[PDB]
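Summary of structural features
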Amino acid sequence: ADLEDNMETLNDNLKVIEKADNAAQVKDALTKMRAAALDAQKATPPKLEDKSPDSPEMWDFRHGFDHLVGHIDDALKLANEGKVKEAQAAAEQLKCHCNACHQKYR
Ligand code: HEC
Ligand SMILES: [Ca+2]
Ligand SMILES: [Ca+2]
């Protein structure tokens, strides 16, 4: 339930989505990723521990998860429609946003 746990949940469930057989597994994984992203959003990452909680870095860190959740919600709509392959493709759009936050704050 710490930041590192949230990241492990995000990473593990993206791989679940990639390997998924049906829409139910994609939806279940995305729902777990959604919770993890909103939990992570409340953390102070180690790199930013000396910054102000109101700093632009901390607000950029938090905003990154808002957009991640937006992408998760798009993939969730497709998974709820039974479109496994398009839900999976929508979920791959997450990866550039994982990487972008990591490049700044990992
Ligand atoms: C900021 C808005 C983030 C986004 C979006 C994602 N991640 Fe992340 N991640 C972030 C930080 C600050 C860290 C380091 C945390 C620490 O305590 O040092 C990480 C780390 C990871 C890791 C490896 C280390 C770990 O804590 O598990 C992984 C495997 C990881 N993150 C995965 C991941 C994925 C798959 C994401 C998109 C679905 C993703 N992260 C987004 C910050 C942010
Ligand atoms: Ca937590
Ligand atoms: Ca670290």
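Residues numbered from 1 in each chain as written, not as in the entry; some residues may be left out. Chains lettered and ligands numbered in written order. Heavy atoms only, no water.

The PDB entry lists the protein chain under the name Soluble cytochrome b562, with Escherichia coli as the source organism. What the UniProt record of the protein chain gives under Function is the line "Electron-transport protein of unknown function." (UniProt positions renumbered as here; feature names shortened; annotations may be inferred.)

Okay, the nonpolar core next. Counting 32 residues, the largest nonpolar core has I17, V26, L30, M33, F61 and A91 as its most contacted members. Put simply, the parts of the chain that give this core at least two residues each are helix 1 (3–18), helix 2 (23–40), helix 3 (56–80), helix 4 (84–92) and helix 5 (94–105). Apart from the residues lying within four places of it in its own chain, the contact partners of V26 are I17, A20, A79, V84, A87 and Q88. (Core = buried A, V, L, I, M, F, W, Y, C linked by side-chain atoms within 4.5 Å. Buried < 20%, exposed > 50% of the residue type's maximum accessible area, 1.4 Å probe, protein only. Helix = DSSP H or I, 4+ residues; strand = E, 2+ residues; numbered from the N terminus. Contact = heavy atoms within 4.5 Å.)

Within this structure, the stated rule accounts for two aromatic pairs. Where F61 meets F65, the ring centres are 5.1 Å apart and the plane angle is 80°; that geometry is what we call edge-to-face. With a gap of four residues between them, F61 and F65 both fall in helix 3, about one helical turn apart. Each member of the pair, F61 as well as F65, carries the same accessibility label: buried. Taken together, the ring pairs in this structure connect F61, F65 and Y105 into an aromatic cluster. Positioned above the aromatic ring of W59 is the side chain of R62, whose terminal nitrogen or guanidinium carbon lies 3.9 Å from the ring centre. (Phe/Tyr/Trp six-rings, centres within 6.5 Å; stacked < 30°, edge-to-face > 60°. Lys NZ or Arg CZ within 6 Å of the ring centre and 35° of its normal.)

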